[PDB]
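Numbered according to mature numbering (1 follows the signal peptide of the UniProt record, and there is no 0), the sequence shown spans residues 7 to 229. Just so it is clear, CB atoms sit at the ideal spot from N, CA and C, and this is done for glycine as well. Just below is one structure, and these are the notes that go with it.
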Amino acid sequence: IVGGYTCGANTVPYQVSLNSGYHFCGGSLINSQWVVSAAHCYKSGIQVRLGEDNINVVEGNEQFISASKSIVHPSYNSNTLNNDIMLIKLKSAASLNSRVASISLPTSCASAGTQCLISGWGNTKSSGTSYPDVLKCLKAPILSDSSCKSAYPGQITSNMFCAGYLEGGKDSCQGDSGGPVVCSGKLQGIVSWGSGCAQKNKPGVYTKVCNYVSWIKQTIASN
Ligand SMILES: [Ca+2]
């Protein structure tokens, strides 16, 4: 997250870290057994880390649970990032509590102009590199489809939305991929892609979770 703020320990209790020996992507807990992330975050060997604030210090509220199964969307295209969504099943159910909590899936799709909360442990620099240990947060508005398409001609599908600031300075970034975009208390987006981070005229692009609620619900009813 570039241009964000320190969230505050466990104030984003649905945020997970995906770990393969190191943090490599975010995700969102949607019930005690399942995480939603980006398909481009797929790796074998994932441990889900819940209740994290500093990902380099064991602070006392964490639950570390191995994934049993990952399910990349059936129509995921890694070239375009169309359908950039994945489900991860945990080997055992998380214990839900004040610091480890699920986020609601949407009923309706979010509205252009709505301010959403994006979070993660990704890079905090637009130019260069610096990875935080504690979770960072950013409030960012959803941009109109027309503005999104104009920023990324020939690249935006109806399964994507842009959010952020066209002047630059504030965005998600590498290492935030797979994490939540929460708008009116529901998971509306997944950190997916963008050209650089926090550059002018190059807002973040996010998987449009409202398009996937029927796939999510039938998949979790079946696995
Ligand atoms: Ca920790």
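Whole-Å CB distance - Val-18 paired with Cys-143, under 8 Å assumed: Right, the Cβ-Cβ distance comes to about 7 Å (below 8 Å), so this counts as a contact.
Measure the C-alpha to C-alpha separation of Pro-159 and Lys-214 and round it to an integer number of angstroms. Each residue's alpha carbon lies about 18 Å from the other.
Between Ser-34 and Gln-21, is the Cβ-Cβ spacing less than 9 Å? Contact flag set, yes.
Count the other CB atoms within 10 Å of the CB of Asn-129; is the residue buried (16 or more) or exposed (fewer)? It counts as buried.
Start and end of the beta strand (DSSP E) containing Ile-77? Segment 69-78, the beta strand (DSSP E) holding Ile-77.
C-alpha distance - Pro-209 paired with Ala-157, whole-angstrom precision: So the two alpha carbons sit approximately 8 Å from each other.
Compute the Euclidean distance between the alpha carbons of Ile-226 and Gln-180, then round it to the nearest angstrom. Straight through space, the alpha carbons of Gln-180 and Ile-226 are spaced by roughly 28 Å.
Straight-line Cα distance separating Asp-90 from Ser-228: Rounded to the nearest angstrom, the gap between the Cα atoms of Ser-228 and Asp-90 is 21 Å.
Span of the alpha helix (DSSP H), counted from its first residue to its last, around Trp-221: Unbroken alpha helix (DSSP H) run through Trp-221: 219-226.
Inter-residue Cα distance where the pair is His-29 and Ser-23: Cα-Cα distance, rounded: 6 Å.
Can you name, in chain order, every residue of its own chain whose Cβ lies under 6 Å from the Cβ of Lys-49, other than the five neighbours on each side? Cβ neighbours of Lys-49 beyond the five flanking positions: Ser-26.
Could you work out which residue in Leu-193, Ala-100, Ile-61 and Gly-202 is closest to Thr-135 when comparing CA atoms only? Nearest option by C-alpha distance: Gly-202.
So which of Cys-189, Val-8 and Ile-196 has the shortest CA-CA distance to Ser-117? Between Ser-117 and the set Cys-189, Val-8 and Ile-196, the nearest pair of CA atoms involves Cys-189.
Simplified DSSP state of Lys-192, which is helix, strand or coil: If DSSP states are grouped into helix, strand and coil, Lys-192 belongs with the strands.
Would you say the beta carbon of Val-54 is closer than 8 Å to some non-hydrogen atom of ligand 1? Checking the 8 Å criterion, the Cβ of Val-54 is out of range of every heavy atom belonging to ligand 1.
Three-state secondary structure assigned by DSSP to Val-215: Helix, per DSSP.
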